[PDB]
Amino acid sequence: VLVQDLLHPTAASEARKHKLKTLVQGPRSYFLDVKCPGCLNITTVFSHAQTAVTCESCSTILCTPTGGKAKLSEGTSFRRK
Amino acid sequence: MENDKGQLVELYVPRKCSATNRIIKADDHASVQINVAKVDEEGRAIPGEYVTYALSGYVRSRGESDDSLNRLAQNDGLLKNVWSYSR
Amino acid sequence: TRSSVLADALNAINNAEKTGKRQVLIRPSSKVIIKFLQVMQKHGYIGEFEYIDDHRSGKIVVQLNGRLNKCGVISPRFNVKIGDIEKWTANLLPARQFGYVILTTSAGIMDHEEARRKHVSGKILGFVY
Amino acid sequence: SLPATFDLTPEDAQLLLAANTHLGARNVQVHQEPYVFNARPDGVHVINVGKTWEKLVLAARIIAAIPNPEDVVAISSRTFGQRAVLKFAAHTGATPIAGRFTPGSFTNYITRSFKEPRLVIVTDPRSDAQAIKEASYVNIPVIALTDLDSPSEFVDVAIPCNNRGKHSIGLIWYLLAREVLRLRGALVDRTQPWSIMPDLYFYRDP
Amino acid sequence: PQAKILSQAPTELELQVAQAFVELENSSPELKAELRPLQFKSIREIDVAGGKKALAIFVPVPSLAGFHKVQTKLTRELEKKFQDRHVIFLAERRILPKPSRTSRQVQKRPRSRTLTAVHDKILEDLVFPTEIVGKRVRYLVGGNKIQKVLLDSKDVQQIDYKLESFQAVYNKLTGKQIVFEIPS
Amino acid sequence: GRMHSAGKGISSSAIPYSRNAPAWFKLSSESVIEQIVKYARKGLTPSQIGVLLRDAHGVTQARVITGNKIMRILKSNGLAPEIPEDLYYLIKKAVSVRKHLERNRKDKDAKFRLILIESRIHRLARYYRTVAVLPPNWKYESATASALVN
RNA sequence: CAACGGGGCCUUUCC
Ligand SMILES: [Mg+2]
Ligand SMILES: [Mg+2]
């Protein structure tokens, strides 16, 4: 060391670093389009959701909160924004 | 350092490390001067024709002389893919 | 807690210099740090430094050239008079022919040479040599 | 500065691959060497043989840059490298140090000792720390065959190679000797494989 | 109609573009909904080193959302109408000066009226279609500072060819050195 | 950190660099504001309004999308609480600890925690009084804390 | 002709 590009760190290193210890901090979470077993809407769900998201016009739970990323109720199709 | 009327009055203008740019003291016995032979027309290692690097005792003791030599060499040529600026 | 971001920045630069690093990252990179680095760079004690603008207070990456012996702040920022500038320089600097005491004055942040040739004074901010 | 003739060739590249030089140390690797190619499963790391070759060529250039061949000293305490350094100092005009280093060989300007080299090559800094220590005492440059876990203190030119393998040790020494000879001019053209076959450098207990 | 969109005393610098602004409106009745109510103001031309000129169409920026929504589809129409020109829409943002020690007291000098913030918003308006992913400020050894702007790969193909025009216009507007790049 | 402990936790939200709504967000500012006012009329605090919004909808931040913070929107629509939410939750916790203490009288750990919680309450109330959120004569009393939380 | 300091004008701004 004693010479390194602190301004252009490798993408692998920036992915390995903690979300706050990167050069410019940013979230590691994302949003998901979940296809409900019903219809009329594609539901937007936070990856690290704290709430048991339910359908707008149904009564099935889309996700169950966990310590980190929420689950997906084991029946779901999901696209990532 | 010079006096008035521009005469060099300081004896022993000293060398500096090629890595850290600090002075190589007279008693720094851990320092090294690395000379790499020049090459043209398929080798032959021209005698007396060198590229010179100074490594300080501090760098060598920290064990950074290897990486510093890689960087300086690649900066001057002599090496194609050893040192990467991004790490 | 954090009381002097300039002190933190200068301490980080001093540690990087002592270890032989040729670059250093400092946070949160205030305006006073920017001006101090500008004075140091204009006098040649540091190379190019580039400000990273996150939407937070920011960061600064400085390139060091090995010419810095020691930079540090004087906390608190004592009020320094024209006659006291010489006393401060004698107390802080290794020699009379080089090294710099940096002041924050009503004419801006500047070294003691510029302060003496502008006939201005203020509060002491740091030193560099 | 070095032409494509100096550049790495497939024949000695596959020679290194057979010698297993690239099979570096386990997940313990000193964080002073970016010489680690992508990590192979089971823990072993792959060493970049290209960087190994480039560093070997640079070290050979330095050894050939040393004016007097006798002022180059090759040092090995490990049996895997004793024959390597002996044959290295046989082919080149180097001075070999096999077995015990008899500490005080660089200081202690008395008889039976006190060689004064301009350069020292060591097979393993861990086992040859004494020689490296004395070189740091008397301003001697150091070229070292360093594995990914080998210490880099007071080591100037690190050549990444496996040091658990007598094959890698012998072949690295063979390549260094061949390349420094090519720089000296003993071998006129860098296209012949220097027919002397690289088992002169392997240790044989039985 | 020019009489409808005057918004300022008619000047030949913008009469031609204000007249051409009616032709597409007449030939595209489906664009009446989003283009009819919007109205612009004085436009000035900035010389670019490549022999081109850039039309910075200024708006008093109550209604900047309309220009933002219709901008991606009339930009190409405008360079087709007149070539050798790079068309960019900018807001007209007031700067209030920082009050001095002896100045009179004005009410609180809103942060949106500060010189730094308005320059940032000018740069955003300059690169509207492409969202900024990063910023840096490089202080050279000589003493001058250059701002580097990092732009996302998405939707950048509408500005990839006029980055130098962006730089020239920003330098004329501010006197501050700017450099654009797309971090891959 | 950790005002009343020795902990050194650094976990927190890392909000994005972008100051604009994500390109995939199509809901209107007025629509999200109407959702906010509906949740407030239901009776939710700003914190859980934001949590539920971000979870069940696509609104990453009501601040970046509607241009206003949630508590500011509530105050603008006239659904502001009588006391600030964090102070309210601190007072509720203090009430719970005081009740648990007046039962069985021997949880010295609970006494210590109650001292800590009341110091935290007093600091927050002092800040609110300085910033004029609370009346200048506002005073936290253990005797009426329950009647103030419910 | 070089360096150092002082003052004023526009640049969205005033002394
Ligand atoms: Mg405390
Ligand atoms: Mg902390």
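In what follows, chains are A, B, ... by sequence order, proteins preceding strands, each numbered from 1. Heavy-atom basis, side chains included; hydrogens, waters and symmetry copies ignored.
Residue contacts for E:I122: at a heavy-atom cut-off of 4.0 Å it reaches a base atom on one of the strands shown. Within the nucleic acid shown, C:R117 comes within 4.0 Å of sugar-phosphate atoms alone, with no base atom in reach, counting heavy atoms only.
Distance, E:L90 CG to G:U12 P: 13 Å, rounded to whole Å.
Tested against C:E86, the residues C:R96, C:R116, C:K81 include a single side chain to side chain donor-acceptor pair (under 3.5 Å) partner, C:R96.
Nearest to the side chain of E:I95, among G:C14, G:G6, G:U12, sits G:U12.
Using cut-offs of 30° and 60° on the angle between ring planes, the pair C:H43 and C:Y100 is parallel. Taking the six-membered ring where the residue is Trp, C:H55 and F:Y17 present parallel rings, their angle staying beneath 30° rather than reaching 60°.
Straight-line distance between the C1' atoms of G:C1 and G:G7: roughly 24 Å, to the nearest whole Å. The separation of G:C10 from G:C4, taken at their P atoms, amounts to 28 Å, rounded to a whole angstrom. Using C1' as the reference atom, G:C9 and G:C14 are 10 Å apart when rounded to the nearest Å.
Applying the 4.0 Å criterion to OP1 and OP2 of G:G6, one finds that C:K118 has a side-chain N or O inside that range.
When each of E:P97 and E:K172 is assigned the nucleotide of RNA chain G bearing its nearest heavy atom, the one mapping closer to the 5' terminus is E:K172.
Among residue pairs with one or both ends in residues 131-158 of chain E, those qualifying as ring-ring contact (aromatic ring centres under 6.0 Å, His included) are C:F49-E:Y139; sequence neighbours excluded.
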